[PDB]
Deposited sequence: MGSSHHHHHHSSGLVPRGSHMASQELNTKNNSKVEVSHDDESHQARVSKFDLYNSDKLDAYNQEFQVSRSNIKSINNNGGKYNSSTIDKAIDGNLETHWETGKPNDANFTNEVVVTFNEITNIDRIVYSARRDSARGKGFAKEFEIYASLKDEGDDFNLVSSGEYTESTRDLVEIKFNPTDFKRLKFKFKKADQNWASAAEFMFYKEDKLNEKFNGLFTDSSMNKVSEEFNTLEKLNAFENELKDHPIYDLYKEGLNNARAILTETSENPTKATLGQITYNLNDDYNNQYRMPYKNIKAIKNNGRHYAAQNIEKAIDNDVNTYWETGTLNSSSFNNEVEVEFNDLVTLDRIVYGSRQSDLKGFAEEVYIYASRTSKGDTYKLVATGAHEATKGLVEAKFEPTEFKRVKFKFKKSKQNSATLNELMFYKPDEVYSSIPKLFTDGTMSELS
């Protein structure tokens, strides 16, 4: 699902975020209502010519796999710009843009940009609409969001282009989507751990959900709405004590079928350290007691190792089963801190359980009270030899 991008009002700094909507089957439906049709894009020009056959028209041909590239890169004296002319004066609030997507994908990405408007067909009467930047990645298809503005001509300036050779796979234009912008303001800030005032009760939130039901990408809003709901209904952090002990029931296939969360419920895994050699994080969840992750950063006086696993579906767990590397036992979580989040994204973790067990071969369970998990954090509060290793990390239900 979609994650709220934060509210934008403009001073005139554009909100730039990854355009994840492209990976959805709802795109055609969304484009139907909000996209400025390509048939409305009359013509295009630019001030820097073109490299080889990467002609400027290829920037607005509706094909992400064809690109324009400038013939003259940015330097101290020259800034690449593109000017799109529309059939009629068109109200636009968003540009969806990608750099070239060939073998040199990302090269020429508009790391910094300015957007200008003209209501006339000719002459330099352009006024500045919005300035923006995107530092995350050069390879991304990004949504650039600014104040809804009338354009006969839209000028896009490559204030900073990655490696100077400005490129564009596509420039796409969208009309204002008020409900989408309402969704984007669901949380107070980028940490998304506090619901905004206009949705800060279940009554308000549920009514908002109902308001969105006819929206073409309503299905993609559900995750964010559920996230807000989880926050609104969250109970105070009251960590219990986890009883740890050696177990062997992981061998029991039938038992696993009933009580172990399916491995395919794991959306992603990450950790706060790196990893020593080729003992990467993914082999902590490969269902192989012989392969193990090892940390690339040991437990300092000010540092604990912690591993984070995201789930597709929220699940209620009472046990987390783990083991160290079986050769040495170096990195056995002698003392464990377990954190639960009921949201898919955001700074919404809370401590649920604490426990300790001596370093031992095999697998160890950490049994606590039934807790809901959308994501889990496994912290090495105390570890053997100050390292951190996991051969397997498993999640068991009550």
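Quickly check which stretches of the deposited sequence aren't in the model, judged by C-alpha, and list them in order.
Model skips 1 to 12, 23 to 41, 430 to 449 of the deposited chain.
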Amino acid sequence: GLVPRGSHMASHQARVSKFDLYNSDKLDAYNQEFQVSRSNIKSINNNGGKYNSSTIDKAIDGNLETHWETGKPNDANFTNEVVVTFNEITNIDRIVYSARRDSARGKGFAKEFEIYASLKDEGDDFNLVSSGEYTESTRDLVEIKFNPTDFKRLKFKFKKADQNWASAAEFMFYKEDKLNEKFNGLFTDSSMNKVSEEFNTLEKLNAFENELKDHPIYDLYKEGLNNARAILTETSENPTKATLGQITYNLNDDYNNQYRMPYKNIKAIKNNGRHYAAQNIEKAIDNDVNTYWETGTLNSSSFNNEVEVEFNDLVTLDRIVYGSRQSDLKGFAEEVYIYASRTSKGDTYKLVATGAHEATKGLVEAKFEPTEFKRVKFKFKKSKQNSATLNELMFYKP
From here on, numbers count along this sequence of modelled residues.
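155 to 163 set against 267 to 275, stretch whose average Cα temperature factor tops the other in the entry:
Looking at the record's C-alpha B-factors, the answer is 267 to 275.
Comparing 300 to 308 with 171 to 179, which has the greater mean CA B-factor as deposited?
Looking at the recorded C-alpha B-factors, 300 to 308 comes out higher on average.
Quiz for you: based on the deposited Cα B-factor, which of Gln35, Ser54, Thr354, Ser344 is highest?
Across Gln35, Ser54, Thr354, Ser344, the entry lists the biggest C-alpha B-factor for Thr354.
Checking the record values for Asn193, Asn280, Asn91, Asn206, which has the greatest CA B factor?
That would be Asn280, according to the entry.
Going by what the PDB entry lists, where does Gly62 fall on CA B-factor within its chain: lowest, middle or highest third?
Ranked within chain, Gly62 CA B lands in the middle tercile.
Which third of the chain holds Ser236 when residues are ordered by C-alpha B factor: lowest, middle or highest?
Its C-alpha B-factor belongs to the highest third of this chain's values.
Check where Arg100 lands among this chain's C-alpha B-factors and tell me if it's the lowest, middle or highest third.
Middle third of the chain for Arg100's C-alpha B-factor.
Lowest, middle or highest third - CA B-factor, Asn290
For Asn290, the deposited C-alpha B-factor lands in the highest third.
Relative to the other modelled residues of the same chain, rank the CA B-factor of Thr243 and answer lowest, middle or highest third.
Highest third - that is where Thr243 ends up once the chain's C-alpha B-factors are sorted.
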